[PDB]
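We begin with a single chain expressed as structure tokens, specifically the form deposited in one PDB entry.
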């Protein structure tokens, strides 16, 4: 085509074709007593399956097995929703399954994965955790070690053969007491675990007290409490460590050092990247080895044809290579702006170099700049808000806050406090110093995006002149479904919309349509017309007919559309057969899905290609991939590294994250071109 071909390996491997015994599994009818309700029937079968033993999986309103009935537990009980059901399994012969059919293919894949897990459990001496296995020591030191292995998957192809997915992975384990850990000049860890069970404890203050002299409620002492439960049989008790429950907040419980064990994270190791060549090596090694342990034959690595998409041409006022360059060359679109400085460290006026850099920039862009300084501290209560309102009145559009590093709660409180008065903010943290150029340049880009300037845009010719991303965020049992967009054939404007509260991940049909409509209306305000075609991007999978209503409404306005499910995980891995690993690789797969490797640099380790599904619409793939790839480059708030996600989705995820953090109630007075969440 227009774009240049090459060939790649996937981290997938073809094994045997399925013989007929594997194609004619035992079928079983499940009889529950009493009968289950409609929502509970489906998971209870899964429950009956584990209790059934052997190698059995859910099938329809019944069971499928690769084990003969004689070694299953056909009669039993299973307690679930506080009701004890008696199950009886009734065998109904074997029956042929057809591999071309995605439903039965789903069952054969389930049966295969169960087969795999059971075959791994009987391996020795290797360490099994579900579908991940760890084989050798990658590292080790005084009291700790890192195991290495792979995460595995097994399923069945549309042509009825086994398929192996392999991806190297690491495990960190410690198996050392807290006392001994400290007794070798390590510092105190973040997290710790009971030596006698799984309970974690957030560690805190090691303590000066004594046990066999500390008093627990019940007349007993720490020492004799733990002694009583006999835990001081193997171990010896320690100093007196203090722990706070992980759910509980800052309540302190006592605890011997001799009975705690540190839990280690990455933070605690002062590789695991694996430059891609090594990962590819290891993947082939582990794959072939697994093939050998299993009665599945010789593993053959899967190849796919790949194409390199043209490199997008990024623009400020003139040609650019990174968004930080717009600081020197000028923005795509400049407007008359005013910015404020808030010093929370007890310092005085504007840092000089910042003033020089921005002034130079707005000079290049040919727009006028006015700089203000806010004289008030938030500790002044309501007068602080008064000063904020006064500032907004004087024309101020965004705020820079120079402060020592803030605790999250205080950070959120301040940000929000400015937001209710329509002031997006950029925090920058003192010390700073001019020679730390990247940090303060990225903060500066953030500031400009938050006052609504468009620092960069594209130069290509793309199929859709409006692109919109959708995601749900927030962590309090409810979420925020939100949308963000890039407007114009040039992506010349960036906008967000107010999210909506929802029960979970599924965005209601009418909500989808309303957010979409707001972006259409925005396009109407800029271009003076409706878009010929829009590109609709959903983060993660698109749930059944979630877009149906929005889609129909679009068809009704005479607007053409494309729906793309963009999945951040599950897309596996891609390694070139002989060249360099390059950015911007398009890899078509089955009929409507394809991979897209958008971001990569060598000092990061092996990339994680995105997986994309064209759920609806009739624009050709290649062009979809082309536009999405180019859109990954639009993000204005990262000066030196493009995000993996295309600009609308990266914005959407950051939007719902921020609304999920602060609240939605502050946004009533904040303009939609101002990206307060970056």
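Numbering follows the first chain given and starts at 1. Under this definition, the rigid core comprises the largest set of C-alpha atoms superposing within 1.5 Å between the forms.
One more form of this protein exists, namely the form deposited in another entry; it is left out here, but the text below deals with it.
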{"query": "Moved residue between the shown form and the other one - picked from 573, 415, 479, 317, where its Cα shifts 2 angstroms or more relative to the rigid core", "finding": "479"}
{"query": "Cα displacement of residue 499 between the shown form and the other one reaching 2 Å, rigid core superposed", "finding": "yes"}
{"query": "Large Cα shift (2 Å or above) at residue 193 between the shown form and the other one, core-fitted", "finding": "yes"}
{"query": "Residue 181: Cα shift of 2 Å or greater between the shown form and the other one (core-aligned)", "finding": "yes"}
{"query": "Shift in CA distance, residue 404 and residue 251, in the other entry relative to the form shown here, given it is 3 Å or more", "finding": "farther"}
{"query": "Direction of the Cα shift between residue 474 and residue 649 in the other entry, where the change is 3 Å or more", "finding": "closer"}
